[PDB]
Amino acid sequence: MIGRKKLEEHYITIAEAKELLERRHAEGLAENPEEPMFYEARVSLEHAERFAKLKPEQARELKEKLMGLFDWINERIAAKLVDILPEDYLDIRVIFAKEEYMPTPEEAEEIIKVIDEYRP
Amino acid sequence: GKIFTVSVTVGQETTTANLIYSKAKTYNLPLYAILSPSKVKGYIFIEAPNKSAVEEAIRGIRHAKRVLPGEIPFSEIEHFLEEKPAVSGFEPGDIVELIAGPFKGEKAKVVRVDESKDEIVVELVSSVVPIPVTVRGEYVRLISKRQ
Amino acid sequence: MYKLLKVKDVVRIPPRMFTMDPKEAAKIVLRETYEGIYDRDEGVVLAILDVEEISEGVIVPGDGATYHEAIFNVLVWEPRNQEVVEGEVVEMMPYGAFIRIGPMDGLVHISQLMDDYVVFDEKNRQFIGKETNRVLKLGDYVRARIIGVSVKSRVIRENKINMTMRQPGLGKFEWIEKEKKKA
Amino acid sequence: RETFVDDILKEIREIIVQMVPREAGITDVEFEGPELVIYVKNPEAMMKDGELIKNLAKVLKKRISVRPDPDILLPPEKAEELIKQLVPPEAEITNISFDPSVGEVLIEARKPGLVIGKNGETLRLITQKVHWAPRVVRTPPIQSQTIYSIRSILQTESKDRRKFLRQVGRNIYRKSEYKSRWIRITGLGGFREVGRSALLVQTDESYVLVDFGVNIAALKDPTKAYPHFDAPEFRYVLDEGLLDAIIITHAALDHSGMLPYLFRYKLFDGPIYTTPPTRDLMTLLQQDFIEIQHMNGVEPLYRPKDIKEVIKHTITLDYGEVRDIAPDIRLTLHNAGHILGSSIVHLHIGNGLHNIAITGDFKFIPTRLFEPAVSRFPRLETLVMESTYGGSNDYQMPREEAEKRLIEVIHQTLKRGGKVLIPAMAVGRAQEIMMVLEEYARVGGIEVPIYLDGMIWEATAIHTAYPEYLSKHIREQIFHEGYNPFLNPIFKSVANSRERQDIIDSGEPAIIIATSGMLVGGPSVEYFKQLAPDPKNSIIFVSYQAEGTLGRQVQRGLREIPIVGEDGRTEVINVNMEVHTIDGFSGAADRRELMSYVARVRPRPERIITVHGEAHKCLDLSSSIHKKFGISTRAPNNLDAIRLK
Amino acid sequence: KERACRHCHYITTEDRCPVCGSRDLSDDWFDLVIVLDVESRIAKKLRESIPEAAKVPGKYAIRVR
DNA sequence: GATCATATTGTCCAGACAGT
DNA sequence: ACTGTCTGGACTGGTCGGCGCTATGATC
RNA sequence: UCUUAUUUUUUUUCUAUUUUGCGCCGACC
Ligand SMILES: [Zn+2]
Ligand SMILES: [Zn+2]
């Protein structure tokens with residue numbers, strides 16, 4: 001349990017976490033010792049910059065588009081979808097097999113060409 | 001003949017019983033019978049016409065504390081004077097505690113029990129590897145009945 | 001799974017940090033206190049971003065330090081059961097392969113890495129398929145979902161993560177591309 | 001079972017009174033362990049010369065121990081003075097103790113050679129003038145806690161030890177020289193596998209256990225961690241108490257790890273025949289194993305009182321000494337050459353019926369620390385051999401250029417002012433590294449101190465206490481010359497963490513010999529953590545590294561190893577010091593060494609059993625020996641019985 | 001020493017058994033029973049279990065090992 | 001001689017209670 | 001409803017200094 | 001001149017860093 005109580009909880013994406021870790025790295029560089037963070041945070045930043053598929057503002061726009069498109073999905077589902085960036089039915093199926101809902105091919109397709117917009 | 005209980009020091013009930021027997025032999029006491037089972041510790045049974053004879057016979061012995069006021073029914077001590085091996089009533093799969101032997105003060109689980117050789121086979125629960133050992137049937141005590 | 005939380009907490013500022021700004025001192029204390037640990041209901045506490053609001057301090061008896069009620073932003077990572085994640089294999093040993101997916105290192109069993117008795121090559125730390133003839137090497141991007149998280153300790157390294165990979169649609173990126181080509 | 005010990009003792013007494021002069025006054029003749037003890041009233045006429053004692057020992061085939069009868073006994077406060085006057089002052093006697101229950105005097109002295117005698121006549125003269133049977137032990141120049149504890153245990157438990165020895169002597173000589181109907185070898189462990197070795201020699205009269213050990217590698221699985229206790233033969237032997245003796249080839253966890261487990265649950269009550277160095281090193285290793293098992297959080301295998309009981313049930317046998325350990329089985333121990341006190345076990349069954357030679361871990365090339373393995377036996381029929389390096393491609397590099405590379409790496413490290421950290425085992429390669437460093441520093445190559453940390457000092461002290469078990473060169477240096485290689489001033493030992501911190505913070509060059517090759521525990525981890533960021537330092541690995549350990553991780557070239565530091569936060573070790581791997585100091589026999597031992601053994605064994613190694617390596621070694629020499633070779637699995645005769 | 005007979009379960013100090021006339025003696029025994037009266041109930045219980053025991057006053061036992 | 005299980009079961013004030 | 005009776009609890013704090021005690025009757 | 005049984009591959013190191021209690025007596029504030 002972090003703190004006395006939790007006010008807001010959000011499922012943040014990889015790109016925004018990478019931006020936050022870069023800000024922390026800049027703060028540590030401003031800090032006099034040459035080591036900005038510990039092993040776990042530095043390794044997390046390295047993994048995020050290795051898997052930096054989307055820009056933070058593009059990831060935010062995609063997440064808000066997913067949130068406003070449907071109603072049964074949550075922040076976690078949108079974050080996972082923008083992390084994976086699915087292209088066909090296989091990855092969507094292996095993502096949603098253990099989930100509460102096995103989406104139909106039509107909504108899977110609409111998620112697919114919502115995802116592939118401005119996709120690198 | 002009524003059965004009464006005489007409390008004695010633990011571990012020397014047989015010596016006190018022998019002393020009472022010698023006193024009865026050499027003092028003309030109206031004592032009918034004396035019993036001292038090995039399983040019962042610290043007490044002996046005396047079959048006598050009345051408790052007064054019991055307290056008179058045990059009087060003068062510093063190792064005999066007192067005589068219990070009640071009278072023991074014969075059905076309670078009937079099973080004591082019965083020919084029955086100590087390994088009887090022990091079934092494999094339960095847990096026992098070894099009273100004596102090289103494994104003194106150890107809990108184990110019964111694997112094989114036979115009454116012809118008056119011995120029992122137990123596996124130590126504290127042993128990481130299961131190695132059965134043999135121990136006399138009267139050296140164990142049942143702690144929990146299970147199959 | 002990465003998470004952003006807004007947490008209100010009492011922060012203890014020692015008298016040596018009195019000359020500094022209260023927000024900066026609270027941020028420093030929270031960074032030295034909560035960062036680098038594991039929480040049962042929150043996960044890997046990765047970073048403290050900033051402190052939004054702070055309150056007037058209260059001095060408790062027996063301590064000269066000042067306690068402030070402060071709200072701050074925390075970036076954490078929480079592994080979820082049956083959650084898919086992409087990572088990179090960073091360590092390979094015979095009983096299982098270690099992949100980096102974030103602050104933690106997930107473990108993938110050699111038995112359950114594939115539906116094939118894959119042999120471990122000790123010469124170059126490689127995984128070789130007997131029938132599929134697919135080679136797994138270091139630095140290969142993989143995707144797998146988690147099935148077991150050990151939260152028995154508050155230390156990140158002592159926590160154990162086990163994933164599942166034998167299901168179709170998982171494995172190396174080239175394997176996923178080849179599977180998509182068939183479909 | 002029936003016992004004819006009384007008749008044998010009566011006939012032995014009759015032979016003695018026929019041969020020994022009547023005026024000697026023979027009162028009692030008894031059996032103590034594998035030896036025959038005779039109590040006399042007039043020792044002056046008993047041992048006027050050693051020829052009579054030698055003839056009695058040859059005729060009776062017993063280790064004759066002539067002691068004065070307890071009826072007459074000089075007072076200890078006067079016996080000490082007569083012993084000090086009689087023993088030359090050159091032999092520094094450190095302790096004198098007296099056992100009056102059975103007349104004995106234990107003399108713990110720095111120079112046992114002068115106390116014992118030129119041909120043993122000094123002991124006879126002492127026990128003639130003072131009427132106290134003497135037993136001389138060596139005072140170690142480096143004090144050892146384990147040896148002192150063992151001596152104190154043996155002294156304070158003289159009654160129990162004497163009763164156990166008497167019962168062992170009664171059990172051994174329950175019958176005369178017996179020809180066994182059949183001889184069988186069974187492997188309860190260590191067959192087609194490494195670790196948890198256990199051998200069973202079975203006859204129709206006696207059963208003998210050999211090097212009962214434990215498997216450290218497979219400790220998570222109880223099935224593979226311990227020797228098979230479900231073997232019907234082992235169950236029968238342990239159940240009916242028919243185990244005559246236990247013999248330990250050498251002091252190691254795979255050969256003596258499970259020994260106190262039998263005494264923990266009172267599964268064994270007989271003797272354990274082993275060399276004194278093997279005994280002390282085995283107790284030290286067992287104590288260490290129990291300590292790390294108790295630290296790791298798992299339940300310890302046995303209590304230290306079980307190790308004490310093992311000490312109380314241990315009989316010391318020197319090299320080349322033949323003792324009767326079973327009515328049909330004689331036991332002797334030869335120099336294996338693997339570690340200190342490592343013994344090749346030669347079991348002679350029957351009167352020429354069969355001979356088994358269990359080598360165990362051994363080395364055939366002449367090393368600096370120990371003499372080469374004994375390849376000559378009076379008779380040999382079955383040879384049980386290790387196969388740790390039995391593979392075709394298993395070729396260890398020679399020792400000369402390996403030690404040259406180690407010396408030059410150390411010299412280059414000390415030239416730039418760095419520190420040398422050498423993780424090593426508790427025994428074996430560590431003392432070899434110490435000897436190589438001492439030889440290098442004796443000519444003036446290096447004057448830097450050498451720090452021994454983490455129980456290596458205890459092993460060094462045990463090595464000093466038994467110099468006769470070392471190599472010929474070290475024996476020549478210690479005995480004939482006045483220079484002890486282990487007593488060099490460069491070798492230093494720490495006292496606490498303060499001295500270790502002072503060594504780490506010291507800017508002068510130094511050599512540190514650690515305690516754990518894997519850097520799993522001991523001061524090795526602390527030294528690695530505090531010396532890794534310095535690039536001038538270096539680390540030398542003299543042993544194999546196991547996967548998943550810190551040693552293998554730092555050997556594989558990892559420049560940043562994340563470990564669990566204090567406060568539950570991951571701290572990285574930035575390894576900038578040089579990493580070296582010189583694995584040429586292994587004490588195990590090479591494949592070429594095994595082939596040379598097979599070719600040069602005398603006499604040629606009828607059959608060879610390849611054990612103590614991986615299954616493929618054992619099969620390869622057996623096939624190679626069969627194809628090269630034609631000897632029948634077998635590599636059986638566990639729970640396999642081979643009928644030798 | 002102290003020994004108990006195996007047939008009549010009598011406890012005697014010397015080698016001879018003066019009650020049953022048998023030549024089997026056991027050094028290990030428990031459950032000492034003292035008989036002073038013929039008609040006493042525990043003597044009758046001994047008689048029905050061991051037909052050759054509790055015939056004369058003295059010492060007896062139920063089981064001998 | 002050296003060990004070993006057992007070793008017994010002054011006054012005053014206030015609250016609760018049978019008795020009449 | 002009264003009245004004498006049985007039972008239970010507490011009896012100022014602190015300090016200096018000393019004296020003395022904390023096994024034994026069977027068993028091999 | 002006849003019934004009712006089955007059958008096969010994925011977990012690692014030879015070991016380690018300042019005597020209480022009980023009770024008595026006396027004295028002082
Ligand atoms: Zn070995
Ligand atoms: Zn009889």
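Below, chain A is the first sequence line, B the second, and so on; all start at residue 1. What's counted below: heavy atoms across the whole structure, side chains too, no hydrogens, waters or symmetry copies.
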To the nearest Å, how far apart are [X] [atom1] and [N] [atom2]?
X        : N      : atom1 : atom2 : answer
D:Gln293 : H:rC14 : CD    : P     : 15 Å
D:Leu452 : H:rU17 : CG    : P     : 13 Å
D:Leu281 : H:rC14 : CG    : P     : 18 Å
D:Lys224 : H:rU13 : NZ    : P     : 12 Å
D:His294 : H:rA16 : NE2   : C1'   : 14 Å
D:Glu566 : H:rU17 : CD    : P     : 18 Å
C:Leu107 : H:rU10 : CG    : P     : 18 Å
D:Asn296 : H:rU17 : CG    : P     : 13 Å

Geometric stacking, [N] and [M], six-membered rings, under 5.5 angstrom and under 30 degrees:
N      : M      : result
G:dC11 : G:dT12 : no
G:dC21 : G:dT22 : yes
H:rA5  : H:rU6  : no

Under 4.0 Å, counting only non-hydrogen atoms across every strand here, what does [X] touch: a base, just sugar-phosphate, or nothing?
X        : result
D:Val214 : base
D:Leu285 : sugar-phosphate
D:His255 : nothing
D:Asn215 : base
C:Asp116 : base
D:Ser497 : nothing
C:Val119 : nothing
B:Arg62  : nothing
C:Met114 : base
D:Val520 : base
D:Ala426 : sugar-phosphate
D:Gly195 : base

By nearest atom, which of the nucleotides [options] is closest to the [X] side chain?
X        : options                : result
D:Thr549 : H:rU17, H:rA16, H:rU13 : H:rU13
D:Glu526 : H:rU17, F:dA7, H:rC14  : H:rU17
D:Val194 : H:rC14, F:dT9, H:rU10  : H:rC14
B:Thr9   : H:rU13, F:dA7, H:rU15  : F:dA7

Sugar pucker assignment (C1'-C2'-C3'-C4' positive north, negative south) for [N]:
N      : answer
F:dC12 : south
G:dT24 : south
H:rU6  : north
F:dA7  : north
G:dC21 : north

Using the [atom1] atoms only, state how far [M] lies from [N], rounded to an integer number of Å.
N      : M      : atom1 : answer
H:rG23 : G:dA10 : P     : 16 Å
G:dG18 : H:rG26 : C1'   : 9 Å
F:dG10 : H:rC25 : P     : 13 Å
G:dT12 : H:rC29 : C1'   : 13 Å
G:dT27 : H:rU20 : P     : 42 Å
F:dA7  : G:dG25 : P     : 14 Å
G:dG9  : H:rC28 : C1'   : 31 Å
H:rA16 : G:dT24 : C1'   : 49 Å

### Message
Could you measure the distance from the NZ atom of B:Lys23 to the CZ atom of B:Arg59? Nearest 0.5 Å is fine.
### Response
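Atom-to-atom, B:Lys23:NZ and B:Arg59:CZ are 7.0 Å apart.
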
### Task
Using the six-membered ring wherever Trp is involved, compare the ring planes of D:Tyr226 and D:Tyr261 and label them parallel, tilted or perpendicular (cut-offs 30° and 60°).
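Parallel: the ring planes of D:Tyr226 and D:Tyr261 meet at under 30°.
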
### Ring geometry between C:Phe120 and C:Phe127 (parallel below 30°, tilted from 30 to 60°, perpendicular above 60°)
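If you compare the ring of C:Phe127 with that of C:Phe120, the planes turn out perpendicular.
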
### Query
Counting heavy atoms not belonging to D:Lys159, are there more than 12 under 6.0 Å from its NZ?
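No.
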
Do [X] and [Y] sit within salt-bridge range, that is, some charged N less than 4.0 Å from a carboxylate O?
X        : Y        : answer
D:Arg303 : D:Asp306 : yes
B:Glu97  : B:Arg141 : no
C:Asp116 : C:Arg134 : no
B:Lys39  : B:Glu138 : no

Taking any strand in view, what nucleotide pairs with [N] in a Watson-Crick or G-U wobble way, both distances under 3.5 Å?
N      : answer
G:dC2  : F:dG19
F:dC13 : G:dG8
G:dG17 : none

### Message
Quick one about D:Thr146 and D:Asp280 (side-chain donor to acceptor, distance below 3.5 Å, no hydrogens or angles considered), yes or no?
### Response
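D:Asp280 vs D:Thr146: no donor-acceptor pair found between side chains.
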
### Message
Quick one about D:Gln553 and D:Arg556 (side-chain donor to acceptor, distance below 3.5 Å, no hydrogens or angles considered), yes or no?
### Response
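Note: D:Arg556 and D:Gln553 side chains miss the donor-acceptor criterion.
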
### Query
Taking for each residue the nucleotide of RNA chain H bearing the nearest heavy atom, is the 5' side occupied by D:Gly548 or by D:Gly521?
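Nearest-nucleotide comparison on RNA chain H picks D:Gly548.
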
### Task
Map C:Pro94 and C:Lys130 onto RNA chain H by nearest heavy atom, then report which one ends up closer to the 5' terminus.
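Of the two residues, C:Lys130 wins.
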
Between [X] and [N], is there a side-chain N or O to OP1/OP2 distance below 4.0 Å?
X        : N      : value
D:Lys529 : H:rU17 : no
D:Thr515 : H:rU15 : no
C:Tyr117 : H:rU9  : no

### Base H:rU17 to side chain D:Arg500, donor-acceptor N/O within 3.5 Å cut-off
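Answer yes: a donor N or O sits under 3.5 Å from an acceptor.
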
